[PDB]
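First up is the structure itself, then whatever we jot down about it.
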Amino acid sequence: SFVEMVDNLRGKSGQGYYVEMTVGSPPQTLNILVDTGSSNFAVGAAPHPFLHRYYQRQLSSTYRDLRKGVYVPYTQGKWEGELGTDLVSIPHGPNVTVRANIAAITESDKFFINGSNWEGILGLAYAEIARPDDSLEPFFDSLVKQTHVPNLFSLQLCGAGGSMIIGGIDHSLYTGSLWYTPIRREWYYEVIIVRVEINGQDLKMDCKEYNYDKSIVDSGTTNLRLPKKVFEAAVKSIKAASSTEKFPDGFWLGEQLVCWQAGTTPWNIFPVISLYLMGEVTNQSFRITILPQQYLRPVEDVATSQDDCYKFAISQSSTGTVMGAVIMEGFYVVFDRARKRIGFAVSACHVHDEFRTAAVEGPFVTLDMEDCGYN
Ligand SMILES: CCCCNC(=O)[C@H](C)C[C@H](O)[C@H](CC(C)C)NC(=O)[C@H](CCSC)NC(=O)[C@H](CC(C)C)NC(C)=O
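For the sequence shown, the residue numbers in the entry's author numbering are 46P, 47P, 48P, 1 to 157, 171 to 385.
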């Protein structure tokens, strides 16, 4: 039933994954970015150097002005707009139409990306973090109220777009079993990390430090963003492992890239990172393991030649752990809102060399996990 939805996302992790949508009457087609780390549905409503097309309320016989302004700040980028509702559909998604809140973006700064090909954002998180306030029902909440679509969706993001299955799970998109971790509070998709390992060696820190502030799953972020103390520990460990070679310190900052002769990338000298997530049962957890093929993001050669260049896709943050696209790529992620939990399984479009492989493994024991959440 979900075949029609398989393969409905385009783009990369560097600029985000988008799905096609239409708004207004007659329908206007726009590419909307899929963001599980916000809760506001917004589209460009005015010309802009980086936009190809945009929403034109003046041409929709179904547009309703809510006469309220709105503003949304992200970790990077922000926009001002005016609220209002209209009919929305997803072509390669469930065959339904819903009336949902839409912010018409009129002002923005560092939000749209030059030639990203998406002109809007779809916040798939909960109302609590919606702007102006939790009274502005987010798109998915509308979708679930107005139709019979199950309160559940899943993402499969692929590297070098992917698929977003609305309303269910598509068993052909993953191998192995699904492992679920509880959603701690329904605002972000907040999860609890209970242990971290680099090449099998535990980072040995207070697990509280891993969730310092919070840990969220956000398809709208590229990198794997870690808290100050954790980022330091991780980078020190990854350096040691790959000390067999040298890179600029601007590299460990994600600033300057690193290149190698085509097909000679020393994958083996880079460690695998394991994140242990809290489980569904007392004292049990599972772990997902990501390969260096995931946290080293491919970019185009600075001198535009025939080399393989990469950027370090692990940066630090002050807002807690963020599991961005580089982490979600290897995996098939189920956002089971109905049962307040998030599932992981090895993706079908999985990275891998002929030696190591991304994995989801369990069960594990972890004593006193509930003492990992920060308060
Ligand atoms: C208003 C309450 C919700 C606020 N939520 C957020 O800000 C969540 C955590 C982050 C959002 O998902 C937001 C979406 C962008 C389209 C603006 N992403 C971001 O703010 C991050 C910040 C990384 S630190 C330089 N930006 C990114 O990940 C960008 C753009 C993506 C479209 C690929 N990519 C890179 C490589 O910098």
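Ideal Cβ placement from N, Cα and C applies to all residues, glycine included.
Run the CB neighbour count on residue i, radius 10 Å, all protein chains shown included, and call it buried at 16 or more, exposed below.
| i | result |
| --- | --- |
| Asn221 | buried |
| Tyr123 | buried |
| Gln303 | buried |
| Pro91 | buried |
| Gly260 | exposed |
| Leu56 | exposed |
| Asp138 | buried |
| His49 | exposed |
| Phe136 | buried |
| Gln271 | exposed |
| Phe365 | exposed |
| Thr191 | buried |
| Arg194 | buried |
| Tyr68 | exposed |
| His360 | buried |
| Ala348 | exposed |
| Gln153 | buried |
| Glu104 | exposed |
| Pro258 | exposed |
| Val16 | buried |
| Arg96 | exposed |
| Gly112 | exposed |
| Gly8 | buried |
| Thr33 | buried |
Taking DSSP as the reference, what is the three-state secondary structure of residue i?
| i | result |
| --- | --- |
| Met338 | helix |
| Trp76 | strand |
| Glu125 | helix |
| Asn278 | helix |
| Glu371 | strand |
| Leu377 | coil |
| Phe354 | strand |
| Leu56 | helix |
| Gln143 | helix |
| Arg7 | strand |
| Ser22 | coil |
| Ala42 | coil |
| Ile226 | strand |
| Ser247 | helix |
| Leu119 | strand |
| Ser105 | strand |
| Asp131 | coil |
| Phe241 | helix |
| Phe136 | helix |
| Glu219 | helix |
| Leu183 | helix |
| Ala100 | strand |
| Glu1 | helix |
Could you tell me which residues DSSP pairs with residue i in its beta bridges?
| i | result |
| --- | --- |
| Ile176 | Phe150 |
| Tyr199 | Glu196 |
| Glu17 | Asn28 |
| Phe365 | In the DSSP output, where bridge partners are listed per residue, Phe365 has none listed. |
| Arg50 | Looking at the DSSP assignment, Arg50 forms no beta bridge with any residue, so it has no partner. |
| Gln211 | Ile208 |
| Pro258 | Looking at the DSSP assignment, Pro258 forms no beta bridge with any residue, so it has no partner. |
| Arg235 | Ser325, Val332 |
| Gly81 | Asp62 |
| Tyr68 | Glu77 |
Return yes when at least one heavy atom of ligand 3 lies under 8 angstroms from the C-beta of residue i, else no.
| i | result |
| --- | --- |
| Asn278 | As far as ligands go, the structure on display features ligand 1 and does not contain ligand 3. |
Counting Cβ pairs closer than 8 angstroms, one from the stretch 227–239 and one from the stretch 318–338, do we hit at least three? yes
Scan the stretch 277–333 and note each continuous beta strand (DSSP E) run of 3 residues or more that stays entirely inside, going in chain order. 283–288, 294–300, 306–309, 317–322, 324–327, 331–333
Does the stretch 210–230 touch the stretch 260–276, meaning 3 or more C-beta pairs lie closer than 8 angstroms? no
Inter-stretch contact (C-beta, 8 angstroms, three-pair minimum) for the stretch 343–355 and the stretch 148–157: yes
Segment contact flag, the stretch 199–207 with the stretch 287–304, C-beta cutoff 8 angstroms, min 3 pairs: yes
Counting pairs of Cβ atoms below 8 angstroms between the stretch 20–29 and the stretch 110–126, do you hit three or more? yes
Validate contact between the stretch 346–359 and the stretch 305–319 using beta carbons, cut 8 angstroms, 3 pairs: no
Does the stretch 68–84 come into contact with the stretch 17–27, if we say contact requires no fewer than three beta-carbon pairs (one atom in each stretch) closer than 8 angstroms? yes
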